[PDB]
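By convention in this document, chain letters (A, B, ...) are assigned in the order of the sequence lines, proteins followed by strands, and residues within each chain are numbered from 1. Note: hydrogens, waters and symmetry copies are ignored here, and every other heavy atom, side chains too, is used.
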Amino acid sequence: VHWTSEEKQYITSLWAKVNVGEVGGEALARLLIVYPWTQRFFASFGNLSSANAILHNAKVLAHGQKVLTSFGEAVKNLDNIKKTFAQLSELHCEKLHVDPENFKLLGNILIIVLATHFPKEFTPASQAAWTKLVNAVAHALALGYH
Amino acid sequence: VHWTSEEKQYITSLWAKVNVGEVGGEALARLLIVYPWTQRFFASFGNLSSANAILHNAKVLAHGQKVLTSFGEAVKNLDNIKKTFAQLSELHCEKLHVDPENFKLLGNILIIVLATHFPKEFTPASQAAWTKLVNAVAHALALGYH
Amino acid sequence: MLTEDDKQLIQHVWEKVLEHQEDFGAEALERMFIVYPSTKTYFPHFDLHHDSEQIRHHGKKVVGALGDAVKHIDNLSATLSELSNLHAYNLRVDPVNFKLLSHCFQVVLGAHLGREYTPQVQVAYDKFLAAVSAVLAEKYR
Amino acid sequence: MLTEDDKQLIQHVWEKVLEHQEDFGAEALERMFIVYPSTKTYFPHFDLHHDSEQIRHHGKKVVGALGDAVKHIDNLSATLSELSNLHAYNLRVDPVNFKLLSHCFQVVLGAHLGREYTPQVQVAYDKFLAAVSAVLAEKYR
Ligand code: HEM
Ligand code: HEM
Ligand code: HEM
Ligand code: HEM
């Protein structure tokens with residue numbers, strides 16, 4: 001990509017205030033609830049039979065924390081995202097066979113979650129930078145297919 | 001990408017038999033007919049008011065020939081596609097503002113057209129190689145956005 | 001399909017939107033224009049500066065149409081017929097863009113409701129906005 | 001929507017398909033498995049070698065269902081209700097894959113009709129397959 005000082009600042013400044021556990025659990029729960037076919041990949045996670053069950057699922061929440069921690073690795077090294085996710089790209093593509101379209105859906109969910117958590121700071125400009133971020137992460141993970 | 005000898009052969013051997021003018025006109029006409037919103041980008045092309053009008057539109061046919069000739073530049077240099085289309089990427093993204101999803105739709109149309117023209121040679125294996133090709137071209141053109 | 005629960009969650013959030021149709025609409029549009037600049041090419045006749053008169057008035061119109069959609073949720077196709085012909089035949093709007101505006105509208109809702117934009121409310125609006133989008137693009141199929 | 005012309009073009013092509021349901025179905029499935037290998041993970045219980053008994057029998061079932069869809073084209077949701085529950089609730093099929101199989105089916109049609117798979121026939125089948133796909137995934141919305 002091509003990061004401007006302003007974009008990097010919108011990303012790092014907001015991330016420093018992010019409750020990774022809360023935001024991560026929210027993002028994954030919403031993925032499973034809003035796009036139910038994604039539950040196919042989490043059979044070992046136990047009860048996912050309802051939105052309430054998903055929101056109270058310890059494994060879903062813990063996994064969401066690990067996923068957002070991963071996004072954090074993109075935030076911490078904005079110019080080397082493709083490289084940082086090469087490993088995870090192989091996992092999701094070669095091992096799990098997750099269609100790349102879902103990487104974009106999760107990214108969209110994260111944008112909405114960030115908006116619910118930072119109403120004043122998540123301006124259109126901030127959204128633009130963060131959308132560029134989630135898209136870069138999705139692109140990096142999809143490389144294991146292209 | 002990562003081209004195997006077998007894939008390169010499926011591509012070069014079939015392309016050598018391709019009537020670029022016919023296949024190109026067919027691909028573009030089908031894009032405009034099957035996905036009508038794409039007509040937005042061809043206002044200067046005259047009458048596109050019906051499938052028959054589109055199929056008899058000289059400019060649509062001529063433009064399709066130029067587009068398939070472009071695909072030919074990918075076929076002729078399979079290991080340097082990203083580079084070959086960098087220029088066109090700027091045109092479609094920065095100048096024309098064509099959403100990248102349409103690059104994939106055109107690629108899909110080309111696959112179907114090739115199947116109608118080469119029933120015996122377009123085996124599932126041949127299709128796999130050609131799909132890898134149109135996707136690589138679409139990916140290269142979309143880089144002007146990422 | 002949209003359940004009775006979905007409809008109630010939608011209506012509860014919607015009565016807040018109707019109080020500031022211009023503000024909400026303009027914010028959704030501006031986020032789309034800034035985050036997805038390609039969409040700006042559909043509005044060359046508009047002054048696209050922040051809070052321009054054209055953006056605010058159009059924002060209100062968009063919200064008004066969504067409001068009508070909320071009312072006749074069981075009769076979407078018929079209710080938005082004029083608008084579906086407009087977006088498909090006149091404007092030739094790429095279907096992908098309906099998803100972009102829908103997403104931006106959800107961001108506006110999230111920012112304004114905060115804690116209250118729960119996963120259940122998100123599902124309800126995702127279903128609703130997706131249904132509206134399908135209708136606005138049905139003249140392509 | 002599907003016009004009377006679309007339906008006639010569809011039926012003309014379809015009576016040929018019904019003569020070799022197994023062959024057509026198996027070819028569409030095999031192209032999907034080879035071109036989009038990720039889809040193979042939905043069939044771990046199947047021997048996926050070329051022309052396997054499981055691929056041919058399932059191919060016939062898929063074509064049979066599409067055939068029923070052709071018959072009750074005005075009542076799709078109701079006609080495919082059992083199958084929509086199956087693909088959404090039991091199989092959890094990713095919506096993207098319906099588009100992949102639809103595309104592969106079109107390739108099979110193109111290969112078998114050659115010159116006769118005109119842009120008009122393609123439009124008709126694209127509309128038809130898209131409608132069927134929307135129904136098979138409607139339990140997600
Ligand atoms: C594009 C954003 C995504 C990122 C950054 C991401 C990151 C990760 C990471 C870091 C792990 C390893 C967890 C660990 O260390 O235990 C993981 C696992 C996994 N991911 Fe993702 N992921 C993403 C999207 C998705 C999507 C869209 C799906 C499918 C709906 C998915 C399905 C899975 C599955 C099934 C696992 C295995 C975990 C287990 O079995 O416990 N991921 N992901
Ligand atoms: C991804 C496959 C595509 C390739 C390889 C491609 C290639 C090209 C090339 C080489 C030109 C320049 C023609 C010349 O030399 O005069 C061109 C022009 C153009 N393309 Fe594409 N294109 C693709 C897809 C698309 C799509 C999907 C659209 C939108 C639906 C589009 C819209 C246009 C437009 C509007 C022009 C300008 C031509 C004019 O004004 O006469 N292209 N393309
Ligand atoms: C939530 C989905 C959408 C709804 C409900 C909607 C609704 C409307 C309505 C009601 C109008 C007419 C306003 C009037 O009569 O003054 C309109 C106009 C228009 N829309 Fe949309 N729209 C939607 C999405 C889009 C998208 C995605 C685009 C493209 C990015 C778009 C581009 C336009 C344009 C260019 C006009 C002309 C307005 C003018 O010239 O003032 N719309 N829309
Ligand atoms: C053209 C759209 C589709 C139609 C009409 C369709 C139709 C059907 C039908 C009728 C069955 C039941 C066969 C029986 O009763 O023996 C079935 C089963 C199944 N389908 Fe689909 N299907 C479609 C798309 C897909 C897609 C896209 C996938 C995923 C890649 C998929 C995966 C499956 C699986 C795993 C089964 C279980 C079959 C078995 O165990 O034998 N289907 N489908």
Side-chain angles (χ1 to χ4, degrees), chain A residues 36-37, chain B residues 34 36, chain C residues 1-4 6-7 69 72-81 84-85 88 95 126-141, chain D residues 1-22 24-25 28-29 58-106 108-109 120-141:
Chain A
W37 61 88
Chain B
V34 179
Chain C
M1 307 301 280
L2 281 173
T3 67
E4 293 306 305
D6 289 329
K7 298 176 183 179
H72 309 67
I73 220 152
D74 303 307
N75 191 55
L76 279 186
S77 178
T79 304
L80 300 170
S81 191
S84 65
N85 292 312
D126 183 73
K127 287 183 177 180
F128 171 65
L129 293 171
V132 171
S133 295
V135 172
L136 292 178
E138 60 178 34
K139 300 299 168 62
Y140 288 135
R141 59 179 198 279
Chain D
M1 307 301 280
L2 281 173
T3 67
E4 293 306 305
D5 276 23
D6 289 329
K7 298 176 183 179
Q8 297 181 309
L9 293 172
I10 287 167
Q11 179 57 211
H12 180 83
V13 166
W14 200 253
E15 57 194 320
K16 297 194 172 70
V17 182
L18 291 179
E19 281 188 275
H20 304 111
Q21 294 185 52
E22 260 195 55
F24 280 77
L29 287 171
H58 183 54
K60 186 283 291 184
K61 289 283 186 177
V62 175
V63 170
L66 287 177
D68 298 317
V70 173
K71 290 234 182 198
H72 309 67
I73 220 152
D74 303 307
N75 191 55
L76 279 186
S77 178
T79 304
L80 300 170
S81 191
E82 292 299 304
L83 290 177
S84 65
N85 292 312
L86 180 74
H87 289 77
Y89 304 134
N90 184 298
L91 306 168
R92 291 297 187 196
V93 177
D94 189 325
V96 175
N97 296 319
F98 290 125
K99 296 186 179 182
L100 298 185
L101 182 54
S102 289
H103 171 67
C104 287
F105 195 74
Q106 292 203 63
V108 171
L109 278 50
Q120 293 93 333
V121 174
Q122 182 178 355
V123 162
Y125 269 95
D126 183 73
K127 287 183 177 180
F128 171 65
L129 293 171
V132 171
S133 295
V135 172
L136 292 178
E138 60 178 34
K139 300 299 168 62
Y140 288 135
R141 59 179 198 279

When you compare the side chain of [Y] with that of [X], does any pair of heavy atoms fall below 4.5 Å?
X	Y	answer
D:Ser81	D:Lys139	yes
D:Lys127	C:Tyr140	no
C:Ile73	C:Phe128	yes
D:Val93	A:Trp37	no
C:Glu138	C:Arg141	yes
D:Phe105	D:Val62	no
D:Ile10	D:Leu2	yes
D:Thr79	D:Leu76	no

Expected output: side-chain D:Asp126 to main-chain D:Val123 donor-acceptor under 3.5 Å: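 Flag not set: sc D:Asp126 to bb D:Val123 has no pair under 3.5 Å.
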Tell me whether the count of non-hydrogen atoms from other residues, nucleotides or ligands lying under 6.0 Å of [atom1] in [X] goes above 12.
X	atom1	value
D:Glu15	CD	yes
D:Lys71	NZ	no
D:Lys99	NZ	no

Closest non-hydrogen atom pair between [X] and [Y], with its separation:
X	Y	value
D:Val63	D:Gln21	CG2-O, 3.5 Å
C:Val132	C:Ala69	CG2-CB, 4.0 Å
D:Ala28	D:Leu101	O-CD1, 4.1 Å
C:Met1	C:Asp6	O-OD2, 3.9 Å

To the nearest 0.5 Å, how far apart are [atom1] in [X] and [atom2] in [Y]?
X	Y	atom1	atom2	answer
D:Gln11	D:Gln8	CD	CD	9.5 Å
D:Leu129	D:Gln122	CG	CD	10.5 Å
D:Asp94	D:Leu100	CG	CG	8.5 Å
D:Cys104	D:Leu109	SG	CG	11.5 Å

D:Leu80: which of D:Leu86, D:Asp68, D:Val135 passes side chain to side chain contact (heavy atoms under 4.5 Å, CB included): D:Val135
Carboxylate-amine/guanidinium contact C:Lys7 C:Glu4, below 4.0 Å: yes
Parallel, tilted or perpendicular: rings of D:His20 and D:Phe24 (30°, 60°):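 Taking D:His20 first and then D:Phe24, their aromatic rings lie parallel (interplane angle under 30°).
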